[PDB]
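Enquirer: Provided herewith: data_9.pdb, PDB, C-alpha atoms.
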```
ATOM      1  CA  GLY A   1      15.611  15.583   0.281  1.00  0.00           C
ATOM      2  CA  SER A   2      16.117  13.094  -2.540  1.00  0.00           C
ATOM      3  CA  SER A   3      16.901   9.381  -2.277  1.00  0.00           C
ATOM      4  CA  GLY A   4      18.032   9.967   1.295  1.00  0.00           C
ATOM      5  CA  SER A   5      19.666  13.375   1.654  1.00  0.00           C
ATOM      6  CA  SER A   6      18.042  15.504   4.355  1.00  0.00           C
ATOM      7  CA  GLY A   7      15.540  14.062   6.813  1.00  0.00           C
ATOM      8  CA  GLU A   8      16.615  10.414   6.870  1.00  0.00           C
ATOM      9  CA  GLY A   9      14.691   7.723   5.019  1.00  0.00           C
ATOM     10  CA  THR A  10      12.711   4.988   6.755  1.00  0.00           C
ATOM     11  CA  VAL A  11      11.085   3.826   3.520  1.00  0.00           C
ATOM     12  CA  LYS A  12      11.324   0.029   3.531  1.00  0.00           C
ATOM     13  CA  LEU A  13       8.709  -1.203   1.057  1.00  0.00           C
ATOM     14  CA  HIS A  14       9.285  -3.128  -2.173  1.00  0.00           C
ATOM     15  CA  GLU A  15       6.793  -5.993  -2.446  1.00  0.00           C
ATOM     16  CA  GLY A  16       5.210  -8.886  -0.578  1.00  0.00           C
ATOM     17  CA  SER A  17       4.955  -6.680   2.501  1.00  0.00           C
ATOM     18  CA  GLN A  18       2.112  -6.154   4.975  1.00  0.00           C
ATOM     19  CA  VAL A  19       0.830  -2.772   6.148  1.00  0.00           C
ATOM     20  CA  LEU A  20      -2.104  -1.684   8.309  1.00  0.00           C
ATOM     21  CA  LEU A  21      -4.155   1.436   7.577  1.00  0.00           C
ATOM     22  CA  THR A  22      -4.056   4.133  10.257  1.00  0.00           C
ATOM     23  CA  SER A  23      -7.651   5.182   9.595  1.00  0.00           C
ATOM     24  CA  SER A  24      -9.775   2.177   8.628  1.00  0.00           C
ATOM     25  CA  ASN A  25      -7.769  -0.306  10.710  1.00  0.00           C
ATOM     26  CA  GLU A  26      -7.542  -2.971   8.006  1.00  0.00           C
ATOM     27  CA  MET A  27      -4.476  -4.932   6.901  1.00  0.00           C
ATOM     28  CA  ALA A  28      -3.436  -4.736   3.246  1.00  0.00           C
ATOM     29  CA  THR A  29      -0.902  -6.518   1.040  1.00  0.00           C
ATOM     30  CA  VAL A  30       1.571  -4.361  -0.866  1.00  0.00           C
ATOM     31  CA  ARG A  31       1.550  -5.115  -4.595  1.00  0.00           C
ATOM     32  CA  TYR A  32       2.882  -1.965  -6.261  1.00  0.00           C
ATOM     33  CA  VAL A  33       5.265   0.735  -5.041  1.00  0.00           C
ATOM     34  CA  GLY A  34       6.200   4.088  -6.541  1.00  0.00           C
ATOM     35  CA  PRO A  35       4.720   7.286  -8.059  1.00  0.00           C
ATOM     36  CA  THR A  36       1.354   7.267  -9.831  1.00  0.00           C
ATOM     37  CA  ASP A  37       0.083   8.882 -13.032  1.00  0.00           C
ATOM     38  CA  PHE A  38      -3.361   9.929 -11.802  1.00  0.00           C
ATOM     39  CA  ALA A  39      -1.886  11.699  -8.775  1.00  0.00           C
ATOM     40  CA  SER A  40       1.343  13.512  -7.910  1.00  0.00           C
ATOM     41  CA  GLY A  41       3.208  11.463  -5.324  1.00  0.00           C
ATOM     42  CA  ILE A  42       4.272   8.015  -4.145  1.00  0.00           C
ATOM     43  CA  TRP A  43       1.675   5.296  -3.569  1.00  0.00           C
ATOM     44  CA  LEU A  44       1.349   1.601  -2.728  1.00  0.00           C
ATOM     45  CA  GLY A  45      -0.928  -0.701  -4.699  1.00  0.00           C
ATOM     46  CA  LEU A  46      -2.756  -2.504  -1.904  1.00  0.00           C
ATOM     47  CA  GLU A  47      -5.066  -5.497  -2.320  1.00  0.00           C
ATOM     48  CA  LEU A  48      -7.649  -6.705   0.198  1.00  0.00           C
ATOM     49  CA  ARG A  49      -9.398 -10.079   0.360  1.00  0.00           C
ATOM     50  CA  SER A  50     -12.856  -8.516   0.094  1.00  0.00           C
ATOM     51  CA  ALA A  51     -14.904  -5.574  -1.176  1.00  0.00           C
ATOM     52  CA  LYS A  52     -13.741  -2.799   1.148  1.00  0.00           C
ATOM     53  CA  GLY A  53     -11.965  -0.352  -1.138  1.00  0.00           C
ATOM     54  CA  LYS A  54     -12.491   2.084  -4.002  1.00  0.00           C
ATOM     55  CA  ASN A  55     -10.343   0.612  -6.777  1.00  0.00           C
ATOM     56  CA  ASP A  56     -10.813  -1.998  -9.505  1.00  0.00           C
ATOM     57  CA  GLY A  57      -7.235  -3.248  -9.484  1.00  0.00           C
ATOM     58  CA  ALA A  58      -5.884  -0.496 -11.723  1.00  0.00           C
ATOM     59  CA  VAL A  59      -6.351   3.258 -12.118  1.00  0.00           C
ATOM     60  CA  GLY A  60      -5.867   5.072 -15.412  1.00  0.00           C
ATOM     61  CA  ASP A  61      -3.001   3.848 -17.580  1.00  0.00           C
ATOM     62  CA  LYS A  62      -1.089   2.261 -14.697  1.00  0.00           C
ATOM     63  CA  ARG A  63      -1.547  -1.169 -13.118  1.00  0.00           C
ATOM     64  CA  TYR A  64      -0.974  -1.550  -9.377  1.00  0.00           C
ATOM     65  CA  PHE A  65      -2.713  -4.862  -8.682  1.00  0.00           C
ATOM     66  CA  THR A  66      -5.506  -7.240  -9.689  1.00  0.00           C
ATOM     67  CA  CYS A  67      -8.649  -7.854  -7.635  1.00  0.00           C
ATOM     68  CA  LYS A  68     -12.451  -7.726  -7.655  1.00  0.00           C
ATOM     69  CA  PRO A  69     -14.324  -4.388  -8.011  1.00  0.00           C
ATOM     70  CA  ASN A  70     -13.638  -2.145  -5.016  1.00  0.00           C
ATOM     71  CA  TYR A  71     -11.283  -4.620  -3.338  1.00  0.00           C
ATOM     72  CA  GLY A  72      -7.890  -2.936  -3.217  1.00  0.00           C
ATOM     73  CA  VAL A  73      -6.910   0.601  -2.254  1.00  0.00           C
ATOM     74  CA  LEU A  74      -4.162   3.153  -2.886  1.00  0.00           C
ATOM     75  CA  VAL A  75      -2.351   4.810   0.018  1.00  0.00           C
ATOM     76  CA  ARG A  76       1.003   6.411   0.830  1.00  0.00           C
ATOM     77  CA  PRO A  77       3.717   4.979   3.138  1.00  0.00           C
ATOM     78  CA  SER A  78       3.272   7.821   5.603  1.00  0.00           C
ATOM     79  CA  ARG A  79      -0.417   6.994   5.253  1.00  0.00           C
ATOM     80  CA  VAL A  80       0.281   3.342   6.094  1.00  0.00           C
ATOM     81  CA  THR A  81       2.120   1.433   8.822  1.00  0.00           C
ATOM     82  CA  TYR A  82       3.678  -1.962   9.535  1.00  0.00           C
ATOM     83  CA  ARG A  83       5.541  -3.775  12.313  1.00  0.00           C
ATOM     84  CA  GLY A  84       9.228  -4.637  12.125  1.00  0.00           C
ATOM     85  CA  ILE A  85      10.701  -5.505  15.515  1.00  0.00           C
ATOM     86  CA  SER A  86      11.037  -9.135  16.601  1.00  0.00           C
ATOM     87  CA  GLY A  87      10.848  -9.377  20.379  1.00  0.00           C
ATOM     88  CA  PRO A  88      10.591 -12.572  22.490  1.00  0.00           C
ATOM     89  CA  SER A  89       9.740 -15.542  20.272  1.00  0.00           C
ATOM     90  CA  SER A  90       7.990 -17.263  23.179  1.00  0.00           C
ATOM     91  CA  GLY A  91       4.380 -16.378  23.919  1.00  0.00           C
TER      92      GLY A  91
END
```
Mind turning the file's structure into structure tokens?
Expert:
Amino acid sequence: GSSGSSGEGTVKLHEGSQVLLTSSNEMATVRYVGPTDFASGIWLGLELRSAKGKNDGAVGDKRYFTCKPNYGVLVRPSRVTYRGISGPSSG
């Protein structure tokens, strides 16, 4: 399992994407994408439009985004979700 070897890879996140938390039920804009220095694993620098997080834009010696105190949050793809299908345009 590395860069798509065993177990497929449905990781489609680079930037300017939208994902909804599967715990707090709050949309979040994807700013950063990749491994972190404070933790061991992949993360996604999210940024909310209000004080509903636990980050100050950056954590440690790595910048993920820029926002007010406790505005954005850091979560993993598997920890986040987002639509993709199109479906009937009418409605």
Enquirer: Taking into account all atoms listed in the file, which residue in the set A:86, A:66, A:6, A:78 is nearest to residue 31 (chain A)?
Expert: A:66
Enquirer: Which residue, A:76, A:54, A:26, A:2, has the smallest gap to residue 40 (chain A) when you use all atoms listed in the file?
Expert: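 The shortest atom-to-atom distance to residue 40 (chain A) comes from A:76.
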Enquirer: Determine the residue set returned by the PyMOL selection byres ((chain A and resi 32) around 7) for the present structure, and present it as a ChimeraX atom specification.
Expert: /A:15,30-31,33-34,44-45,64-65
Enquirer: Using the chain letters and numbers from this file, what does the PyMOL selection byres ((chain A and resi 23) around 12) select? Give the answer as a list in words.
Expert: residues 20, 21, 22, 24, 25, 26, 27, 75, 78, 79, 80 and 81 of chain A
Enquirer: Would you place a box with edges along x, y and z of the file around all atoms of region 11-28 of chain A listed there, add 4 Å to each of its six sides, and report the centre and edge lengths in Å to one decimal, as lines of an AutoDock Vina configuration file?
Expert:
```
center_x = 0.8
center_y = -1.9
center_z = 4.1
size_x = 29.1
size_y = 22.1
size_z = 21.2
```
Enquirer: Restricting the calculation to all atoms listed in the file: of A:72, A:9, A:84, A:57, which residue gets closest to residue 28 (chain A)?
Expert: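 That would be A:72, the residue with the smallest distance to residue 28 (chain A).
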Enquirer: For the atom pair CA of residue 51 (chain A) and CA of residue 39 (chain A), what is the interatomic distance in Å to one decimal place?
Expert: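 A separation of 22.9 Å between them.
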Enquirer: One number please: CA of residue 69 (chain A) to CA of residue 17 (chain A), in Å, one decimal.
Expert: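 These two atoms are separated by 22.1 Å.
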Enquirer: So, with all atoms listed in the file as the atoms that count, which of A:49, A:60, A:19, A:14 lies closest to residue 37 (chain A)?
Expert: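 Of A:49, A:60, A:19, A:14, the one nearest residue 37 (chain A), counting all atoms listed in the file, is A:60.
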Enquirer: One decimal, in Å: what's the spacing between CA of residue 71 (chain A) and CA of residue 59 (chain A)?
Expert: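 CA of residue 59 (chain A) lies 12.8 Å from CA of residue 71 (chain A).
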Enquirer: Which residue gives the smallest distance to residue 67 (chain A) among A:82, A:13, A:50, A:3, with only C-alpha atoms counted?
Expert: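 The closest residue to residue 67 (chain A) is A:50.
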Enquirer: So that I can look at just that part, could you write region 49-76 of chain A with N, CA, C and O atoms, as a short mmCIF file (atom, residue, chain, number, x, y, z; two decimals), in the first residue's frame?
Expert:
```cif
data_model
loop_
_atom_site.label_atom_id
_atom_site.label_comp_id
_atom_site.auth_asym_id
_atom_site.auth_seq_id
_atom_site.Cartn_x
_atom_site.Cartn_y
_atom_site.Cartn_z
N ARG A 49 -15.51 29.48 8.89
CA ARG A 49 -15.82 30.90 8.87
C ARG A 49 -16.32 31.37 10.24
O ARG A 49 -17.20 32.23 10.33
N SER A 50 -15.76 30.79 11.30
CA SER A 50 -16.15 31.15 12.66
C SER A 50 -15.28 30.42 13.68
O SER A 50 -14.47 29.57 13.32
N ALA A 51 -15.47 30.75 14.95
CA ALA A 51 -14.71 30.13 16.03
C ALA A 51 -15.36 28.82 16.47
O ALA A 51 -16.14 28.80 17.42
N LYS A 52 -15.02 27.74 15.79
CA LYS A 52 -15.57 26.43 16.11
C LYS A 52 -14.52 25.33 15.91
O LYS A 52 -14.84 24.22 15.49
N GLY A 53 -13.27 25.65 16.22
CA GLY A 53 -12.20 24.69 16.06
C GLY A 53 -11.24 24.69 17.24
O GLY A 53 -11.59 25.14 18.33
N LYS A 54 -10.03 24.19 17.02
CA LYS A 54 -9.02 24.14 18.07
C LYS A 54 -7.63 24.44 17.50
O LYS A 54 -6.63 23.93 18.00
N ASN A 55 -7.59 25.26 16.46
CA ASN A 55 -6.33 25.63 15.83
C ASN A 55 -6.26 27.14 15.58
O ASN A 55 -7.29 27.80 15.46
N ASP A 56 -5.05 27.67 15.50
CA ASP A 56 -4.85 29.09 15.27
C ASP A 56 -4.27 29.34 13.88
O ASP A 56 -3.50 30.28 13.68
N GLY A 57 -4.65 28.50 12.93
CA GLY A 57 -4.16 28.65 11.57
C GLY A 57 -2.99 27.73 11.27
O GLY A 57 -2.94 27.10 10.22
N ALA A 58 -2.05 27.66 12.20
CA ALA A 58 -0.87 26.81 12.04
C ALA A 58 -0.55 26.06 13.32
O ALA A 58 -0.92 26.49 14.41
N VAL A 59 0.15 24.94 13.19
CA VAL A 59 0.52 24.13 14.34
C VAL A 59 1.98 23.70 14.26
O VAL A 59 2.37 22.94 13.37
N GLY A 60 2.79 24.19 15.20
CA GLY A 60 4.20 23.85 15.21
C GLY A 60 5.00 24.65 14.20
O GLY A 60 4.89 25.87 14.13
N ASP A 61 5.82 23.95 13.42
CA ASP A 61 6.64 24.60 12.40
C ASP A 61 6.10 24.33 11.00
O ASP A 61 6.85 24.29 10.03
N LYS A 62 4.78 24.16 10.91
CA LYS A 62 4.14 23.89 9.62
C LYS A 62 2.84 24.69 9.50
O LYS A 62 1.99 24.66 10.39
N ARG A 63 2.69 25.39 8.38
CA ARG A 63 1.50 26.19 8.14
C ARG A 63 0.50 25.43 7.28
O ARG A 63 0.85 24.89 6.23
N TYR A 64 -0.75 25.39 7.73
CA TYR A 64 -1.81 24.69 7.00
C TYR A 64 -2.84 25.67 6.47
O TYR A 64 -3.45 25.44 5.42
N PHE A 65 -3.04 26.77 7.19
CA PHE A 65 -4.01 27.79 6.78
C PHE A 65 -3.89 29.03 7.66
O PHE A 65 -3.06 29.08 8.57
N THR A 66 -4.72 30.03 7.38
CA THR A 66 -4.71 31.27 8.14
C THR A 66 -6.13 31.69 8.51
O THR A 66 -6.96 31.94 7.64
N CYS A 67 -6.39 31.78 9.81
CA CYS A 67 -7.71 32.17 10.29
C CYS A 67 -7.64 32.63 11.75
O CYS A 67 -6.59 32.53 12.39
N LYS A 68 -8.75 33.14 12.26
CA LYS A 68 -8.82 33.62 13.63
C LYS A 68 -8.53 32.48 14.62
O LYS A 68 -8.52 31.31 14.24
N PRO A 69 -8.30 32.82 15.90
CA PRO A 69 -8.02 31.82 16.94
C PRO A 69 -9.15 30.81 17.09
O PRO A 69 -10.30 31.18 17.31
N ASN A 70 -8.81 29.53 16.96
CA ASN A 70 -9.79 28.46 17.09
C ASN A 70 -10.87 28.57 16.01
O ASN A 70 -12.06 28.55 16.31
N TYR A 71 -10.43 28.69 14.76
CA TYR A 71 -11.36 28.80 13.64
C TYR A 71 -11.29 27.56 12.75
O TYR A 71 -12.31 26.96 12.43
N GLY A 72 -10.07 27.18 12.37
CA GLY A 72 -9.90 26.01 11.53
C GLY A 72 -9.61 24.76 12.33
O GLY A 72 -9.40 24.82 13.54
N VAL A 73 -9.60 23.61 11.66
CA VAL A 73 -9.35 22.34 12.32
C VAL A 73 -8.53 21.41 11.42
O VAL A 73 -8.44 21.62 10.21
N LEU A 74 -7.94 20.39 12.03
CA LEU A 74 -7.13 19.42 11.28
C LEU A 74 -7.73 18.02 11.38
O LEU A 74 -7.86 17.47 12.47
N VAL A 75 -8.08 17.46 10.23
CA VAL A 75 -8.66 16.12 10.19
C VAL A 75 -8.10 15.31 9.02
O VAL A 75 -7.47 15.86 8.12
N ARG A 76 -8.34 14.01 9.05
CA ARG A 76 -7.86 13.12 7.99
C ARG A 76 -8.96 12.82 6.98
O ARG A 76 -10.15 12.84 7.32
#
```
